[PDB]
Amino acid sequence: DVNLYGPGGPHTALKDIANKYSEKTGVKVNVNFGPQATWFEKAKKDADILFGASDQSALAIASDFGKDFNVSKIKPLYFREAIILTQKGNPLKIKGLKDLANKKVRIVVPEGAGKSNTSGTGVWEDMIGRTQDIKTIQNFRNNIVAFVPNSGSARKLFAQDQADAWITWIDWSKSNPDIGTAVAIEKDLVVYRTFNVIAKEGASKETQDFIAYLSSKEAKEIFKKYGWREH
């Protein structure tokens, strides 16, 4: 088998891609996903590829594997925009990040806090910081009700109606259309983060072949469906 490990998020596109690849080639490709702690020990034994939902988080995770992976070999392949996910129907009429700072709303953001490797780390401050207004930054931060360890944790909190807004990625909405209503972030504030892959040292030909497939016309189309861009 070709075994991939990485965070929830890119996993939906990857599962579709792996399925199509397996149908075509006969090579069994397994997409393991979730918080790092849930698969780390098994991945140490059989990981062929580590995929990431951002560069900083991918660097962190790959580093944890020691000499089994050479972190210089992380390959960015696609990117997607951050979004604001509101409760279905957007009851508070949220219109962007500045609006979030101005209104009395509960925001949930994933932040690693140096003890979790999550695509979210640094995102909210980099976006709202581009307003170049300390009051706005303060107000926004004052509305954050929870800094959670990963996107999965934010999803759970959000689904339990404990937050009005979740700072996340377009793909989370594309993968879960019914869970909330996506609101686009100001183009002058938004950040775009990448999907990446890294093959283990001594990766098999089959593993390398699948990596190549991630750049095929067929894979690009699947990625596009989930909001991942090049372009």
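Residues carry their position along the shown sequence, with the first being 1.
Using the B-factors recorded in the PDB entry, average over the C-alpha atoms of 51-59 and of 196-204, then report which stretch comes out higher. Per the PDB entry, the higher value belongs to 196-204.
So which stretch wins on mean C-alpha B-factor, 11-19 or 213-221? Looking at the recorded C-alpha B-factors, 213-221 comes out higher on average.
Per the entry, which of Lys75, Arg80, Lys95, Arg130 tops the list for Cα B factor? Among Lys75, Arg80, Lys95, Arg130, the highest C-alpha B-factor in the entry belongs to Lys95.
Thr168 CA temperature factor, ranked by third within the chain: Its C-alpha B-factor, which the entry lists for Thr168, ranks in the lowest third among residues of this chain.
Could you say whether, by C-alpha temperature factor, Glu186 belongs to the lowest, middle or highest third of its chain? As the PDB entry reports it, the C-alpha B-factor of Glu186 lands in the lowest third of its chain.
Going by the entry, which third of its chain does the Cα temperature factor of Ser116 land in? According to the entry, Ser116 has a C-alpha B-factor in the chain's lowest third.
Would the CA B-factor of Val71 place it in the lowest, middle or highest third of its chain? It falls in the top third of the chain.
Going by what the PDB entry lists, where does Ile134 fall on CA B-factor within its chain: lowest, middle or highest third? Its C-alpha B-factor, which the entry lists for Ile134, ranks in the middle third among residues of this chain.
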